[PDB]
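Here's a solo chain for you in structure tokens, the form deposited in one PDB entry.
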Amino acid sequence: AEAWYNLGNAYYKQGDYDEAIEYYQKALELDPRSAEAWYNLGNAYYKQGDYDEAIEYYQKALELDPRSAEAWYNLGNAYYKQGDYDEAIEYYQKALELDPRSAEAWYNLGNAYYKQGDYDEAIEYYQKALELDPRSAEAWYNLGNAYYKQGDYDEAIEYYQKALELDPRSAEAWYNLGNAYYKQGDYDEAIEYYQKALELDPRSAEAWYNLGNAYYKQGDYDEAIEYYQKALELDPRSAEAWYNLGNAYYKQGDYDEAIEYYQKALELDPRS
């Protein structure tokens, strides 16, 4: 089994996962009691996106070594990839009972609670991750998103600010920071961050529309009109862009433009 196993390892290292599977299987046909062998077979399937096979082999690894933190964590990952968030949570928790010093386990546990809608737990476990390794902009952004989702816009703002200190080249962090100020009703700060997002990524329709809304909420109707019109060059299909473009014209006393744009909105959705 040893040579088959090592041959499988050599294929694994060169990224050749189908060959690794063949020789791991050959080794296991000769010695089915190696946890590391079952674990490595589960990894090779995992890398090909065979999540159901990965699950079966990681469970075999765990029959032989129930205290493998690595086997529990990768079982949790395979469930996460199948969209089975509650199983992923159960297995991540088992991995952390055995090894509470992995940032990666706490972070992935946060991600699973997030995907289920438990922003509170997401917050708790993203914080743990960040304490063992505070260097990832993505992790700060996601803690930002969890507070945002709970409606803690000020904590959201705080952690988006942290993510942008580490990676100021992120349109999404800039955009969500604007969303967070928008949601507190700080429309001038919103406008500032929305403009940074669009200077970095200038062709999301939704984003030009949200810059429009922020000007509209400030009472800056002629700028609202300019950015709504930009949103509609990119997405001529949006009932909302047409309707708020109408509102902007109405607010300026431009009643015949208001009528034209309200009609456009009502054709795309005649239900309001």
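Quick note: we count residues from 1 along the sequence shown, nothing fancier.
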| property | result |
| --- | --- |
| 244-252 versus 13-21 - which carries the larger mean C-alpha B factor in the record | 13-21 |
| 116-124 set against 76-84, stretch whose average Cα temperature factor tops the other in the entry | 116-124 |
| Per the PDB entry, maximal CA B factor within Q93, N179, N142, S102 | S102 |
| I225, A44, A207, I55, ranked by C-alpha B-factor: the highest one | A207 |
| Within-chain third of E189 by Cα B-factor, per the entry | lowest |
| Within-chain third of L130 by Cα B-factor, per the entry | highest |
| Third of the chain, ranked by Cα B-factor, where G212 sits | lowest |
| Chain-relative CA temperature factor third for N40 | lowest |
| Chain-wide C-alpha B factor ranking for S68, given as lowest, middle or highest third | lowest |
